[PDB]
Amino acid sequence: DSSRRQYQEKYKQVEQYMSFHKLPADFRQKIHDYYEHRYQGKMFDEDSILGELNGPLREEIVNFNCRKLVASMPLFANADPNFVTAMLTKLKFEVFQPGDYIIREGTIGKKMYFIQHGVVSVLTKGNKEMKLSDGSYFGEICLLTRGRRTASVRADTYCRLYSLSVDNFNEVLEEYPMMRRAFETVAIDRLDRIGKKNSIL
């Protein structure tokens, strides 16, 4: 309805922006496709909508929208549902396109990512490429060590990801501190295969 119109009017706004800045045709179409995969023809002022509600209704909503994500990921599926709800209410949906570098190996990490749908490639100068996909997560190491990205991560397909910031990642682990051990265990496993080890875990 008026969400279909909001999508349209917002995209025309994007169209005049690229017109104004004279971006090439291929870049414009790339932005067109992002816009279609990410919003799918409707646009919602989601912060304002859920802010009209209360905690229980918001929590009931995120749990419904993410049933598949929760169900297919053992970390969430077997955890205390209150831990899950706390994580879910802070996830932010993001779409990446084939070839995008989601994470660069040198940099500082400010967020981790949960793969709802898609394939990514884990890359280090000096090892092979492992694939991660639906039900998996990545970017957690830098969050735990407070260090620097131990690899680059690259979208292979269109990716529908849910991201979690370092602050919210930590606010949720102060609460429910048993769950940090669950993250470190897999992080230790993954480091041991990329020829790495680290005392901090």
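A residue's number is simply how far along the shown sequence it sits, counting from 1.
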item: Missing-residue flag, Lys110, threshold a third of other entries; value: no
item: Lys125 coordinate gap across at least a third of other entries; value: yes
item: Given 3-11 and 190-198, the range whose Cα B-factors average higher in the PDB entry; value: 190-198
item: Mean C-alpha temperature factor, higher of 119-127 and 75-83; value: 119-127
item: Identity of residue with top Cα B-factor, from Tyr162, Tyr34, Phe138, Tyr176; value: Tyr176
item: Ranked C-alpha temperature factor of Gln40 among modelled chain residues, by third; value: middle
item: Entry-reported Cα temperature factor of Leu132, expressed as the chain third it lands in; value: middle
item: For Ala155, the third of its chain into which the C-alpha B factor falls; value: middle
item: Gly147 - which third its CA temperature factor falls in, relative to the rest of the chain; value: highest
item: Chain-wide C-alpha B factor ranking for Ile108, given as lowest, middle or highest third; value: highest
